[PDB]
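What follows is one chain in C-alpha cells, specifically the form deposited in one PDB entry.
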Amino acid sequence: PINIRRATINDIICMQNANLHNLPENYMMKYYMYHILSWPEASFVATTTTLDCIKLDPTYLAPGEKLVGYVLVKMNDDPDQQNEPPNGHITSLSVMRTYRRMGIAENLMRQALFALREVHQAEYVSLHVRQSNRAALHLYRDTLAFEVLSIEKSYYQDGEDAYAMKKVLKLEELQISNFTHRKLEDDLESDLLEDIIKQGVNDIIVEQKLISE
C-alpha cells in the first residue's frame, strides 16, 4: 500500500532520481536541499511500504519503500516582495502516472495546504496550470476548491495558455478530517474499544466477529 508522510532530506536523492530534469544533477540536489532545509515542515512524499505480518533502484529509500510521489513546497522569499503578505508556492507536485487513481495528488496537496496555513500562517497559495490538462484543472479547481481568476495567454515557455488560480487559506476549512468522507469522527476522548463488551442483543449480533471462543 501507499504511505503519506512528511518529506525529509533523506528523500531528496530519490526525488532527484525519480525524474529526468533539464537542470544539472548537482543544481537539482542543491535546489532540493534549499527547499527541505528552508521549509522542513511543508513538503510531503508518497511511498510504498511493506508491513510486518540486485540492481538497487535509485528511488528506494528502504527495502519495500519506493518513492512514488511528492509535493515540494516553499514560502515566498523573493527580496523584491518583502512587504507582501505571506503566501505559499507549490514548486512541484509530482506523482508517478502508474500510481494514478489512488488519490495521491489530492492527499499530498491537502497536507501541503494545511501545513502552509498552520506552520507559516500563509494567507493564500497561487499557481498556474497548463490549459492542456483537465486532470490538473479538475484537481485544483474542483477537488481542492482553487478559484480560477483568469486565463493568462501564452503564459508558458512553449506558448501555451495557463489558468491563473488562487486559494485563500483558512485553517478551519483545511482541516484534514473535513475530507475523510465523500460522517463520524474521532472525538479524541472516548474509548475506541468501547463497543466490544456492550450487552444489547443487536450489539451481540453485529459485533459477532469480535467474540472469540
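Take the two forms, superpose them, and find the largest set of C-alpha atoms that agree within 1.5 Å; that set is the rigid core. Residues carry their position along the shown sequence, with the first being 1.
From this point on, the text means the form solved in complex with a partner chain, which you will not see here.
Asker: Using the partner position in the deposited bound form, report whether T91 sits within 4.5 Å of its partner chain, counting heavy atoms only.
Answerer: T91: yes, in contact with its partner chain in the deposited bound form.
Asker: Have a look at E160, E41, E65, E173 and give me the residue whose C-alpha moves 2 Å or more between the shown form and the other one, with the fit done on the rigid core.
Answerer: It is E160.
Asker: Any CA movement of 2 Å or more for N10 between the shown form and the other one, core superposed?
Answerer: No; that C-alpha moves by less than 2 Å between the shown form and the other one.
Asker: Between the shown chain and the other structure, the Cα gap of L23 to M33 differs by 3 Å or more. Is it closer or farther in the deposited bound form?
Answerer: The answer is farther, because the C-alphas of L23 and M33 separate from each other in the deposited bound form by 3 Å or more.
Asker: Do the C-alpha atoms of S92 and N19 sit closer or farther apart in the deposited bound form than they do here, given a shift of 3 Å or more?
Answerer: Closer is correct, given that in the deposited bound form the C-alpha spacing of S92 to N19 is reduced by at least 3 Å.
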